[PDB]
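[1] before the rest arrives, take these chain(s) from the complex:
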Amino acid sequence: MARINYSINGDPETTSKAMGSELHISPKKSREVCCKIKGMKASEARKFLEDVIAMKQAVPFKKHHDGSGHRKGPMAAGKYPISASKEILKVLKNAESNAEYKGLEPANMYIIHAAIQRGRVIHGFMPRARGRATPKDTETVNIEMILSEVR
Amino acid sequence: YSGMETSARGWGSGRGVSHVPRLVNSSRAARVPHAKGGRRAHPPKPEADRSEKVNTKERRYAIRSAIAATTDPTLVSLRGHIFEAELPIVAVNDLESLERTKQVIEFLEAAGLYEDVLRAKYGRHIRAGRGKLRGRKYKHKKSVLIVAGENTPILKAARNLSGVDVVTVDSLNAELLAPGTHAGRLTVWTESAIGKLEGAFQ
Amino acid sequence: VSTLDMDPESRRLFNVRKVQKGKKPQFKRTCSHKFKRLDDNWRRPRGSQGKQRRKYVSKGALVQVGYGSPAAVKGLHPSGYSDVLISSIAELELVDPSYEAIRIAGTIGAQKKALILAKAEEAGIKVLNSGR
Amino acid sequence: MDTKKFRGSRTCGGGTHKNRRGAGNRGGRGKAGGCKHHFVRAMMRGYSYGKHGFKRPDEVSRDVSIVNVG
Amino acid sequence: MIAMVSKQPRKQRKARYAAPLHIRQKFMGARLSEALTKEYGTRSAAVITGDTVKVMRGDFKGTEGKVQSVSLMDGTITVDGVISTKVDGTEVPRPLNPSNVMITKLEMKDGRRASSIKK
C-alpha cells in the first residue's frame, strides 16, 4: 500500500535502482529466478530471460525442489517460469533506463542485488465440503534490483 | 452486570475444543474472566466501606503532640522549611485586621518567613503519570500555617499566598499540622489563639 | 584525582572477590535456551521431577548464599572506588575523593553536565562516565 | 491470606490441587453433620443436641442490680 | 463564564470544543496596543477583518499588516505578508492565532463596534 526502503544502499555516483511494486506472482518462482540472475550482466540477463520465456532454457530449482522432475543437460530439478520471468524483465528494463538517464553505461553493468519482499495479502475464500470455507489468498511480491559499474 | 449480559452455552465434549462458554450462533468465548470481553474476577465494589475509626481521646492526644512539635526548632528545620525566627512565632492580635495580600507579605518579610513562601512558589512542578489527566496536574509544597482565634478578614487576605494555609483555632486537625504524617510545620499564632488553647484539646 | 586508600586487608579481599566472582555461574532459568517465550532472568525451579531442582551436577547451579562476596568490598567498582549516583549539582559537596567516585545520572543534560564536570575536575573527584 | 506470599507456589498452601473444591472438602455447609461424622466436634464446640428447662415471660421476670457492703 | 467547579480537563476541553458559535467570537481575542487600552479602558479586544496587527510570536516576529479573513470554527486568522509557498511556487496565506498578535489600529465601520468592545 506504500513505498519501501532498500536492504542495500549503494552510492548514487555509480548505481542504478528499480523496484517492482506488489506484483501478483509466486514469491517462490521469483526467488529462484532472482537467485539465478544475480551477478550476471544486463544483456546476458535479458538474453537468458528471453530464452526462458521461449521454453529453450531451464532455471535450476534448489530450495523449492518439489513438484518438479530433473531436466535435460547438467542439472537436477528445474522448471520454466514465465510470469516471474516477464515481471523481472520489466523491472530490468526500468533499471537500465534509469541508469542511462544517470549518464552511465548500461552495457557494462552488473546485477549486484536482486531480492524479493512479499507484501500484503488480499484474503479470499473458497467453499469446501460440509459447510466450511477455507481461505485462498492473493500473495504479492516486491522485486528490487541494483546495477553497479563495479564487479 | 459488566461482562455478563450474555446467554453463552458450552459445546461440551466431542467437538475438539475447550470447555468454555461460547456464543449460541458462533464459536467465540464469553462470560468468563479469562475470555476477552468477559467479567473481571474480584473487582472493586461500591459497597466496600473504607472509613477508619480513631477514639476521641487518642485523636486529641495526637493533636496535642503535633501542636507541641512546632515548638522544637530541630523538627521544623529538618522537615524541609527555611526560617530565621525564634520558635514559636507569636503575633499581636492586629494580625487578624490585615486585608490586603501586600500587607501580609510585608509582615512575613519582616518576620523572617518569606523565603519559605518563595520556596513553595518556585517548587510547584508538574506531576508524573496518569494523575495529570484526572485533575492533579501539579505537586505543591507546604510553607506556613496561620492560626486565628475567630473569623476575620485575615482568612481572606493571606489566602492566595503560595503554600500558606490560614485557619481558625476551631478548625485544627492532624493533616494541617502533619502533612504526610511528619510533624514540624511552620506556624504563626496570635494572642487570641493562645487564649483559645487553655484547655482546648485536653 | 585522589589516590585510593586500599589498605592491605581490603586489597587482599578485593583480589579474593575478583577470583571468586570470576568463577561464578550465570544463574539462568531452566530451559531458557530452548524456548523464545522465556527471558533470561532467574526463577526458582518448581516441579518435583525437574532435574535442575533435584540438584543434578550437569543441569547447572542453584542460587544460594554460598556465592556471596566478601562483606568489606561488597558493591565496590572494579577500579576500587565506591560509586554514588549524582543527579544534581548540590551533591558534590557530600562526597570525598579518597574512596568515592561519582557517576553522573544518565538523563542529565549537556550544560548541566558540563558544570558538574567542571566542579568535579576542580574538586579532585574522579568521574566514571564523562564524555572524554 | 497473604496473596503475595504465594506468587509462584501453584497450590497456595492447600496441598494437592484436588483440595479446596467446594463444600465437600469441609464436610457440609454450616453446622452440618450434627451427629454422624462431626459428633465429637459438635460436643466440644458447645452445640450438643437437646432441650432442657423452660422460660418465664419477660413481663414478670426482673434482673436485680447488686452492690456489696465492702 | 464557567466557575471553579470546572477544574476537570475533560469538562474544559468539552466546553471549548463543542461551543455555541456565538461563544467562539470571544476566542478571537487579542491584546491592544498601549494607546488603544488607555483610551478604551479594556485591556484586550477582539480581532476583526480590516485592522492592523503586529505579529508577536512565531516565524514572523515584528511583521505588520491587515487581517485578510477570520474563521470562527477553525479559530485562526489570516494576515497580510505572512505567507507560505507551494512546491510549484504559489504564495498562500498562513493561518495564525489571535493570541499571538497585537492590535494597533481598530477598524470602526459597524457603529456598534465601540459598544461591542466594552460593556
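    Noted; the coordinates are in hand. Residues are numbered from 1 along each chain as shown, chains lettered A, B, ... in the order given.

[2] neighbours of the residue of chain B found nearest chain D, how many?
    Taking C-beta to the nearest C-beta as the measure, the point where chain B comes nearest chain D is residue B:42, at 10.3 Å. Every C-beta, even on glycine, is put in place using the N, C-alpha and C of the backbone. The burial metric for residue B:42, expressed as a neighbour count using other C-beta atoms under 10 Å in any protein chain shown, is 6.

[3] from chain D, how far off is residue E:66?
    Taking C-beta to the nearest C-beta, to the nearest Å as the criterion, residue E:66 is separated from chain D by 69 Å.

[4] just say helix, strand or coil for that residue.
    When the structure is split into helix, strand and coil by DSSP: H, G, I helix; E, B strand; the rest coil, residue E:66 lands in strand.

[5] that one reaches residue E:79, doesn't it?
    Yes - with contact defined as C-beta atoms under 8 Å, residue E:66 reaches residue E:79; the gap is 7.3 Å.

[6] which parts of chain E sit against chain B?
    Proximity of chain E to chain B (C-beta under 8 Å from any C-beta of the partner chain) is limited to residues E:7-9.

[7] quick one: residues contacting residue A:1.
    Residue A:1 makes contact with residue A:120 under the criterion C-beta atoms under 8 Å, 6 or more residues apart in numbering or on different chains.

[8] hmm, back to that, check contacts around the residue of chain B closest to chain D.
    Contacts here follow C-beta under 8 Å, 6+ apart; on that basis residue B:42 touches nothing.

[9] that one sits in which helix or strand?
    Assignment of secondary structure by DSSP states H and E places residue B:42 within no helix or strand.

[10] ok, now residue A:115?
    Counting by DSSP H and E, the element that carries residue A:115 is strand A:110-116.

[11] can you give me the helices for chain D?
    According to DSSP state H, chain D carries its helices in the segments D:39-45.

[12] quick revisit: with just CA atoms, put the strand holding residue A:115 into PDB.
    Backbone C-alpha positions of strand A:110-116 (Å, rounded to 0.1, in the frame of the first residue of the first chain) are rendered in PDB as follows:
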ATOM      1  CA  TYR A 110      26.100  -6.000 -13.300                       C
ATOM      2  CA  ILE A 111      23.100  -7.100 -11.200                       C
ATOM      3  CA  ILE A 112      24.700  -6.800  -7.800                       C
ATOM      4  CA  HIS A 113      21.400  -7.300  -6.000                       C
ATOM      5  CA  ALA A 114      18.000  -8.800  -6.700                       C
ATOM      6  CA  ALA A 115      15.700  -9.800  -3.800                       C
ATOM      7  CA  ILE A 116      12.000 -10.300  -3.100                       C
END
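
[13] RNA strand F should join the structure above:
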RNA sequence: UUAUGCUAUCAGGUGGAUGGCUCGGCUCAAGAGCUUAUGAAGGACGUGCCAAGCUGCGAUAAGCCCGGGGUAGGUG
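    Adding RNA strand F to what we have so far:
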C-alpha cells in the same frame, strides 16, 4: 564459489505489541421530576446544487415568523 544446510548478529519486508495522548466510560453526591384525542412515545417514506450513511426536519420539509441577548461573518 561446499551444493541442500546449522548457529548468532545486522539491513529490509510483513505485523501491530510497548510507550505517550484522549470531546469516551463508570461510581458517588446535590438538584429536578410526569406526558398524550388541541392526536403522544415509536416506526415507514420523503427532504440537500453536486448527497450514499448518521443527525435534524415534514410537500412552508439540515427548515418559516416574533421578542430579547450577540456582533461580523454563515452554509450539521
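
[14] again for the contacts of residue A:1, RNA strand F present now?
    Shown here is residue A:1, whose contacts under the criterion C-beta under 8 Å, 6+ apart are residue A:120.

[15] any idea how far it is from RNA strand F?
    Separation of residue A:1 from RNA strand F (C-beta to the nearest atom of the strand, to the nearest Å): 7 Å.

[16] wondering if the strand holding residue A:115 reaches RNA strand F at all.
    No - for a cut-off given as C-beta under 7 Å from any atom of the strand, strand A:110-116 has no contacts with RNA strand F; the smallest distance is 7.9 Å.

[17] so how far is that strand from its chain's centroid?
    Relative to its chain's centre, strand A:110-116 lies at 9 Å (C-alpha atoms, centre = their mean, to the nearest Å).

[18] elements contacting that strand?
    The criterion is 3 or more C-beta pairs under 8 Å, 6 or more residues apart in numbering or on different chains; DSSP states H and E, and the helices and strands that strand A:110-116 contacts are helix A:27-37, helix A:42-53, strand A:141-148.

[19] mind putting these into TSV with distance to chain E?
    Written out in TSV, the entries for those read as follows (distance: least, C-beta to the nearest C-beta, whole Å):
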stretch	distance to chain E
helix A:27-37	36
helix A:42-53	35
strand A:141-148	28
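
[20] do you know which of the ones you listed lies nearest residue D:48?
    helix A:27-37 (84.1 Å; C-beta to C-beta).

[21] residue nearest the centroid of chain E?
    For chain E, residue E:98 is the residue whose C-alpha lies nearest the centre (C-alpha atoms, centre = their mean; 2.9 Å).

[22] which parts of the helix or strand hosting residue B:147 are buried?
    Secondary-structure element containing residue B:147, defined by DSSP H and E: strand B:145-148. With burial defined by 16 or more other C-beta atoms under 10 Å in any protein chain shown, the residues of strand B:145-148 counted as buried are B:145-148.

[23] what's the answer for stretch C:56-74, then?
    Of the residues in stretch C:56-74, those buried under the neighbour-count criterion (16+ other C-beta under 10 Å) are C:60, C:69, C:73.

[24] and the end-to-end length of that stretch?
    The separation between the terminal residues of stretch C:56-74, taken as C-alpha to C-alpha, to the nearest Å, is 30 Å.

[25] any residues touching that stretch, and which ones?
    Surrounding stretch C:56-74, the residues in contact under the criterion C-beta under 8 Å, 6+ apart are C:9-10, C:13-14, C:16-17, C:20-21, C:24-25, C:27-28, C:30, C:42, C:44-45, C:51-53, C:55.

[26] extra chain here, label it RNA strand G:
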RNA sequence: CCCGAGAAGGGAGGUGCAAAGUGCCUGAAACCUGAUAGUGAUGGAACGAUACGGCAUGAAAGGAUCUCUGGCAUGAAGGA
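    So, slotting RNA strand G in with the rest:
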C-alpha cells in the same frame, strides 16, 4: 524531467527541524528476503554445564603493580 500501454508504479529532483507520504506518532516478537562470522557432503541426537584450544571481534560504558613471562622471601595439610 526520464522509463512505462498507463490517472498503475519506478528513478531523479523538491517541501518540511524531522517523511511523519495519507488507516500517515513510536514501530517489538513470531514469520519471510539478503549480507556478514564460525562450521560444513565419513557423519549420532534434550540442543547445555565445567576445563582446555582454533577462527572472528574486543570504539563507549571494564582492568594499568592490570595482562604475559620470570627472580627472590615466608609458606598450612601433604611430602618425595
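
[27] what do you get for the contacts of residue B:42 once RNA strand G is counted?
    Counting by C-beta under 8 Å, 6+ apart, residue B:42 makes contact with nothing.

[28] three-state assignment of whatever residue of chain B ends up closest to RNA strand G?
    Minimum separation of chain B from RNA strand G (C-beta to the nearest atom of the strand) falls at residue B:133, amounting to 16.3 Å. Using three-state DSSP as the criterion, the local structure at residue B:133 reads helix.

[29] pretty sure it contacts residue B:127?
    No - with the criterion set as C-beta under 8 Å, residue B:133 and residue B:127 do not qualify as a contacting pair; they are 10.3 Å apart.

[30] count of neighbours near the closest residue to residue C:95 other than its chain neighbours?
    Once its chain neighbours are removed from consideration, residue C:95 has its nearest residue in residue C:125; the separation is 5.9 Å (C-beta to C-beta, 6 or more residues apart in numbering or on different chains). The local packing count at residue C:125 equals 21, with neighbours defined by other C-beta under 10 Å.

[31] give me the number of residues near residue 54?
    Chain wasn't specified; assuming chain A. 11.

[32] you looked at the wrong chain, it should be chain C
    Considering only other C-beta under 10 Å, residue C:54 is surrounded by 11 other residues.

[33] can you check residue A:80 too?
    Here the neighbour count serves as a burial measure; for residue A:80 (other C-beta under 10 Å) it reads 16.

[34] give me the spatial nearest neighbour of it, chain neighbours excluded.
    The spatially closest residue to residue A:80, leaving aside those adjacent along the chain, is residue A:55, at 5.6 Å (C-beta to C-beta, 6+ apart).

[35] what's around that neighbour, how many residues?
    Applying the criterion other C-beta under 10 Å, we find 9 residues in the vicinity of residue A:55.

[36] picking up where we left off before, got the angle between the strand holding residue A:115 and helix A:42-53?
    50 degrees (axes from the mean of the first three to the mean of the last three C-alpha atoms, to 10 degrees).

[37] mind giving me the packing neighbours of the next helix or strand after strand A:110-116?
    Per DSSP H and E, the first helix or strand lying C-terminal to strand A:110-116 is strand A:121-127. Counting by 3+ C-beta pairs under 8 Å, 6+ apart, the packing neighbours recorded for strand A:121-127 are strand A:133-139.

[38] check whether the strand it packs on comes near chain B.
    No - using C-beta under 8 Å from any C-beta, we find that strand A:133-139 stays clear of chain B, coming within 14.0 Å at best.
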